[PDB]
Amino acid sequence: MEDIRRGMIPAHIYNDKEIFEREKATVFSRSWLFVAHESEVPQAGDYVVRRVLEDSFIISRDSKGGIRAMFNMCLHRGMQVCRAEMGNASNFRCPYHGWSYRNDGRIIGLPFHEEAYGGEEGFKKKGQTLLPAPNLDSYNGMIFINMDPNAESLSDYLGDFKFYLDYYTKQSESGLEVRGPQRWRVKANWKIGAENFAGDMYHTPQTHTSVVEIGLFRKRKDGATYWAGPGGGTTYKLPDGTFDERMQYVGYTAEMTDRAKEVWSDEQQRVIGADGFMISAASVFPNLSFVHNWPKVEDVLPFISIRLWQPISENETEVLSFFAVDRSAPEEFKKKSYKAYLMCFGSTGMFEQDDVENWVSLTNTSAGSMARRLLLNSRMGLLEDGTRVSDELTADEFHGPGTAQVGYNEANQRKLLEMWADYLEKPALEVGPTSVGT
């Protein structure tokens, strides 16, 4: 605990029942956790059911274009009011006793309310709804739930990181289009993936040779790793060039590049234009992750992926992998982008395949009693006396907020675990019980 603050990681944290139980009452009870994107429910009545651990939420679009999240639970005796993953409905009938709800949450049918309950005085039906998520918010159409009714806002949480998030999720005034997710279960602790994507450039050469060798791609250490607010990420150094040349060198068409400049600040442009750093992977604490890459086409073309590390146990995660692309991108661009997506990340991704082998194998060592005796070293970038190996990038070298460096390092992992430890020491969230029907 004092060890994590020194970049030394107790080995047993990736496979310990007690730490998982604790995480659930701290990390996952107090954080903004992703569930869905707006673009997945475009029409009125459209809905997805998505989970925050084991709690089931309906995220649906109402008939004024607004978006709601409702705890997936009939108000009577708790049956799930919606047992499909997604679909389109203007209402949800409960089959247990036939209470019905508009898709904005408002109750409609409550049979024999008068004769049985004794009207309002027996049960409150006037202006009732399916329970709202404890806290709901979004950014760039990305919808988050927080289980703490007193959390700060999403914007406040994300802080300076919104600057980076924008590269992945706001490339046009049109908004984002996300599809999926592919969903599969892996025997790896939720944290290991979060860390990897946070700032693991080091692994890429070794883990992913198979993918260079097969000629799928066209200086790795030259990339910047940045951290700002509660998230951080990796980037690639691009050859010299202007904003447009560099955007184009990576696979963006000209009109896409032009649309990007409408929504990105001068400051957000300079990171690509002057500094020459293009987003690669990123994590947001705790379990949200992004990857952006541009393989060779069957020229190169970029794809984006958004993914949730949904924790099942101390040693099991559900990966929810999404494809995303800007909505105004050419239809041909969308198809090629998705093709690269399928081939690189997700349930069939040839990168992910090997990444998950690494993580799964780590989780295995964390299982034993040896693990409860090792601190692993995550201090790359730091000397024994605490002095930095290399220097912070200056404001001339790097124009984005937070702190940045070049070279292989373990700064980001160290900060993610630092957040993990600050959260693990918070007191248990306490919330007064709701009495449904009062």
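Residues carry their position along the shown sequence, with the first being 1.
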Subject >> Chain break class for residue 218 to residue 219, judged by how many deposited residues have no coordinates >> reply: 4 to 9
Subject >> Residues with no coordinates between residue 255 and residue 256, taken from the deposited sequence as a class >> reply: none
Original post:
Between 130-138 and 75-83, which has the larger average Cα B-factor in the PDB entry?
Top reply: 75-83
Original post:
According to the deposited model, is the average Cα temperature factor higher in 112-120 or in 160-168?
Top reply: 112-120
**OP:** Identify, among 29, 405, 63, 413, the residue whose C-alpha carries the highest B-factor in the deposited PDB entry.
**Re:** 63
Subject >> Residue with maximal Cα B-factor (values as given in the PDB entry) among 430, 418, 16, 23 >> reply: 430
Original post:
Of the three thirds of its chain by CA temperature factor, lowest, middle or highest, which one includes residue 377?
Top reply: highest
Original post:
By its CA B factor, does residue 211 count among the lowest, middle or highest third of the modelled residues in the chain?
Top reply: highest
Original post:
Relative to the other modelled residues in the chain, which third contains the C-alpha temperature factor of residue 273: lowest, middle or highest?
Top reply: middle
**OP:** Please place residue 334 in the lowest, middle or highest third of its chain by C-alpha B factor as given in the entry.
**Re:** middle
**OP:** Rank-wise, by C-alpha B-factor, drop residue 371 into the lowest, middle or highest third of its chain.
**Re:** lowest
